[PDB]
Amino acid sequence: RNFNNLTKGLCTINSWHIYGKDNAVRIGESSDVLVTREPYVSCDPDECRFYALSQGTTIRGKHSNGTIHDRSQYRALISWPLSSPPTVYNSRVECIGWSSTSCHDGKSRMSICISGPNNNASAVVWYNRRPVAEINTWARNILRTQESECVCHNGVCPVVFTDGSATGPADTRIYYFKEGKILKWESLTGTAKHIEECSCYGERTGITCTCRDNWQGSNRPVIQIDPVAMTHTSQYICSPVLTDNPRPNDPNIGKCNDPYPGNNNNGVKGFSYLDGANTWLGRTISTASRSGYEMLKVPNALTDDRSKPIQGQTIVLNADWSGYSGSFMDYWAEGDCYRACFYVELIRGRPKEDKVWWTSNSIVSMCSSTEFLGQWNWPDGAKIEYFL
């Protein structure tokens, strides 16, 4: 087969339909379902799969005790069939670590896992299920990457890494891989002041990443990557429709080249589709906690610092827990355009539900529709008392 080429634009987004949901925590109440977090979705040319970071234990297993912990030697990036739960028996390990990305280039899949102690972490780059390249920490402060799929164009797969402080200036690098080999890496340029956990998608013939400013910003940093020239720019979403969490209330003027202030030293992984008038932003409903999720149609959110919603859709009720969210597309589907998709992580357990001693999640996933479809709300569905 061939390297996939980003030759298509996004489909028109008039609503979102249900694409995938695994009900992991519901099922894992009485099945050998693996504790996970930081999930995402990524497609091969013949199959789409769920991904997450395992915690090396099942939910009912006693080792689930204390899995709010982010980084341990018992974590690993796993994938499993679409809308199935991540079980001990059906899960395929891609690589070992506690921060990851993964993407198919049309021929084979590249997966990257970061492992190690905070001051000595390292990334291993896997291609065609074999280890190919390794990158050592350059700032010795929790080397970390996207926690969602990367995008490939003609065999070139850009990945965004960050090494350094989570509450101040850090050292962010965009790496360009082909077949697992390092072609080139760049220091972060542009006006974005802090970069974490970029959510990327590809469209003719560029790659757009919506990331997390954990330092001072409640608006989201945007990195736009050219995968042919292997260059990039950065700024923020200009829109006053702020999409981080926690975050202040929406002003009437956003910020294009600086963080919008109000909430320091925190954030959540999130995403957006920036496509002129076809722009949709995702965010939690709450401005304080990781609860609820909605999609908002905000024309020219990227460049218009006055832009407001003209349409929207509720994905998760504010009364229900959410969490991380990120973008993905099936680049091998039929049609003239790429259908925009995303997932929402539904975190259950700690810190918000400390009656149990574990932290896991399930996945809900949506794709766009050119129809104006009715909306439902998609909660995790598990009842905590059952786990007591």
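Residues carry their position along the shown sequence, with the first being 1.
Visitor: Can you tell me whether 36-44 has a higher mean C-alpha B factor than 331-339 in this record, or the other way round?
Guide: 331-339 has the higher mean C-alpha B-factor.
Visitor: Sorting the chain's CA B-factors, does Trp376 end up in the lowest, middle or highest third?
Guide: Middle third of the chain for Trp376's C-alpha B-factor.
Visitor: Could you tell me which third, lowest, middle or highest, the C-alpha B-factor of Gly61 occupies within its chain?
Guide: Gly61: CA B-factor falls in the middle third of its chain.
Visitor: When the modelled residues of the chain are sorted by Cα temperature factor, does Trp357 land in the lowest, middle or highest third?
Guide: As the PDB entry reports it, the C-alpha B-factor of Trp357 lands in the highest third of its chain.
Visitor: Relative to the other modelled residues of the same chain, rank the CA B-factor of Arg75 and answer lowest, middle or highest third.
Guide: Tercile = middle for this residue's CA B-factor.
Visitor: Relative to the other modelled residues of the same chain, rank the CA B-factor of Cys113 and answer lowest, middle or highest third.
Guide: Lowest third, going by the recorded CA B-factors of the chain.
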